[PDB]
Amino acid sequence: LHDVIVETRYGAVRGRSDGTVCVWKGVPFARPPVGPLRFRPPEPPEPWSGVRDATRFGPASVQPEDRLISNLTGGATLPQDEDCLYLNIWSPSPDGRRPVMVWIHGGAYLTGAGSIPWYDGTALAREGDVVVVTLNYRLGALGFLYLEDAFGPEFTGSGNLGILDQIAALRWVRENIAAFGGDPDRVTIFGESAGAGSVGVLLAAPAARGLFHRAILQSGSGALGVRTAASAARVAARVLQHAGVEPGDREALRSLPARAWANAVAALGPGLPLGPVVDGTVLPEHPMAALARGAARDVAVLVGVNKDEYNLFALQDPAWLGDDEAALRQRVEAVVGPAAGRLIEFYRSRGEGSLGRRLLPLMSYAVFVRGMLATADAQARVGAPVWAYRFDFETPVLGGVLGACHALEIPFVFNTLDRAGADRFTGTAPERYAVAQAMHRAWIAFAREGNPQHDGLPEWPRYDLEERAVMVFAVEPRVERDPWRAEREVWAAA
């Protein structure tokens, strides 16, 4: 274990190396968004004299508890501060020009951090000879409060501050990744859930253009979470009322403690109230609209979902294990609205078991599968190289009710199955290591060559409209063609 010192444009940073892999933690990519910089676009960090310590993770953005995953896991509450704009880098050596993988974590734009141990980049760096960056972006009100109507044009883009932080992190990578052994021209961005929604937004955002050449969207897309300017303004008003800040009062906005913003967001109620906004500046149009027009004709995309995405939410709501029909229909109607009737009839026929079990694929399709396929189809029509996957390995935890649930693929992709708390999520079956390797190397290959094919996997055709080939990650990996044919038709017919 030894220190390794690297010099960024802002100053020197002190990391650590075991010889095989070096890691720098808590590197500032922007000036702290506190005081006047709170609710403002990110600013470059002030240069420093001396050797800055990069052996410790920076604090996470201020967040609510969100223990769903953390209760099954043993994970501790994350150390938090409004001063959170930090990234962490894993590289084999500062010498070289490797492909770069930049990770955008999920958590519904409200929770999470780049510091989470499941996102540790050591294995990717060691196995793939690549540089891995994980980062923090402003979450919650500090990140995504649309204050344009309330506080005027001084706060333009406030609905997308979290995305502007991600872009600032991408700009830092282009300018300084060379000092850490990375090639700024070979950058892949990848994320899960809200992280994949952020990737979907970044494909549409004009400021992010040229900062990345390839993108991976895991259980999320541009269809997931983006809000219209009108809807975002209404959410902002409700939060301000919970916050006690009247529109136009600059002081009260800055004077409010960061925790109070988190409490006000939580008091609005469950769901995804805050997300990226189609404001016209940062996000000029809907991400799906930009995709259809060929905004990402040059970008290569790997997009996918897990087989039983929505099953994870059966932990906070056990009705999905039941056959009660009033509660199930109410839950379905919340997402699909007027189409609830026919689709419930379609999904009830297929499968076996309780009604909730048969209705869970409906929710997965509405939330996750739909955005994935639209992303893949739009890219295919404009001719960009695209690959599609489905993650089918199931965790046996809690009686096997989760199946291949939301977020299960994270430890497989990062090969962090042994990291703290992961096996509580995935279970301890020895077969999981081989599945992780198949997925891990595919992510490596895509980042390096733009093609996820490697010798472990069978022949993985590019996703196209005629075949709709989709790689299935299982104990025995296989390629399935048009696996969502039936549902995709009925959703069109309903």
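Numbering starts at 1 and runs along the sequence shown.
Look at the C-alpha B-factors of 236-244 and of 191-199. On average they run higher in 236-244. The stretch 318-326 shows the higher mean C-alpha B-factor when 318-326 is compared against 173-181 in the entry.
The residue among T77, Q166, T416, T134 whose C-alpha carries the highest B-factor in the deposited model is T77. Remark: of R250, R98, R214, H406, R250 shows the highest value [criterion: C-alpha B-factor in the PDB entry]. Per the deposited record, the Cα B-factor of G114 falls in the middle third when ranked against the other modelled residues of its chain. Placement of the Cα temperature factor of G121 within the chain: lowest third of the modelled residues, per the deposited record.
In this PDB entry, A264 carries a Cα temperature factor that places it within the highest third of its chain's modelled residues. Among the modelled residues of its chain, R38 has a C-alpha B-factor that falls in the highest third according to the deposited record. In the deposited entry, the Cα temperature factor of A296 sits in the middle third of values across the chain's modelled residues.
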